[PDB]
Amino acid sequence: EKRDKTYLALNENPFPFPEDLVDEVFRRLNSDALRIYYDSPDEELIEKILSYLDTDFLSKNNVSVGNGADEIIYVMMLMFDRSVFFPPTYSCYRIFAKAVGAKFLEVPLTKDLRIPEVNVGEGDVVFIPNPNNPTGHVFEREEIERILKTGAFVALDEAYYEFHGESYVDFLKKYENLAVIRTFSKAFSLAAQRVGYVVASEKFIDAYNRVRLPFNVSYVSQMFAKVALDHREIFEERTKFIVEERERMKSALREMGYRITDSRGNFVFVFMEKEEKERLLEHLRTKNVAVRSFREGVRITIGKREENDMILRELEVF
């Protein structure tokens, strides 16, 4: 419960799915297909995905799909002896591994938000959300190779790719124990239609395809992803801003005297308080505002310009 319009606690894109494309979806959907068991990754869908990644080596067999980016996570943890992530990370990593009955190990990130040091090992799968959530910061070239080199299978959660220039999807030219997970939930405003895709070695995809549900991505959902991909410039325009807006109020918070993460996502992270923030959380609530409460600060999602200025205003009267 509770969403009284001004909600910035789930990294949801502020803009609704373009009405235009909504009309192009079923002006393309056959009412006769709805009755059969529609091919999970659509042969067309993958092709358009390949173009999106715009690489010169991967093919059809290096890409698969999942009911939201969540399913890829959920299933991977089922196919590895142990899942290891580094808090502060995606709160679900913990929830999922606990529901799957999987073996996991949480190792706190360094005070500098650097990757910790611990075991390694083939048979393990370590999740590295990059840019990280909720901090939003980015991991350096080396830190990822560090784990890759241990033999352990790394799972790069690049859900916030769009809001950050590059993605290490080129490590697939040199590593087989890697996988790049992504989604349309944030940059394409399709969070409601659950559509995610992973990218790895051919050995992993079918290995993956054998564990995931046979038909996990609906016919209609699959259309939205294709439609959205053929009008990506539209969304690549919505991003330019979210970034301009983000990196704008970041300077605004640094001004108000707040300590923030060098977030590179569709959100900003205001640090450290707790009973100061558990306080401002009470302040924002009487203002219908809603951010994401964490340990070591709160994470706020970049909404519309009015919502953005909102945050700053209410954040200075504190």
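Counting begins at 1, following the sequence as shown. Note that the rigid core is defined as the largest set of C-alphas that superpose within 1.5 Å between two forms.
- Using the rigid core as the fitting frame, the root mean square C-alpha deviation in 4 other deposited structures of this protein is greater for 113-121 than for the other of 113-121 and 195-203.
- Of the two stretches examined, 280-288 and 267-275, the one with higher mean CA deviation in 4 other deposited structures of this protein after a rigid core fit is 267-275.
- Mean C-alpha B-factor is higher over 140-148 than over the other stretch, the pair under comparison being 140-148 and 221-229.
- Per-stretch averaging of Cα B factors for 59-67 and 248-256 places 248-256 on top.
- As recorded in the entry, 273 carries the highest CA temperature factor of 262, 42, 32, 273.
- If you compare the C-alpha temperature factors of 172, 159, 155, 191 in the entry, 172 comes out highest.
- In the deposited entry, the Cα temperature factor of residue 240 places it in the highest third of its chain's modelled residues.
- The entry lists a Cα temperature factor for residue 51 that places it in the middle third of the chain's modelled residues.
- Among all modelled residues in this chain, the alpha-carbon of residue 211 has a temperature factor (C-alpha) in the lowest third.
- Ranked by C-alpha B-factor against the other modelled residues of its chain, residue 182 falls in the lowest third.
- In the deposited entry, the Cα temperature factor of residue 164 sits in the middle third of values across the chain's modelled residues.
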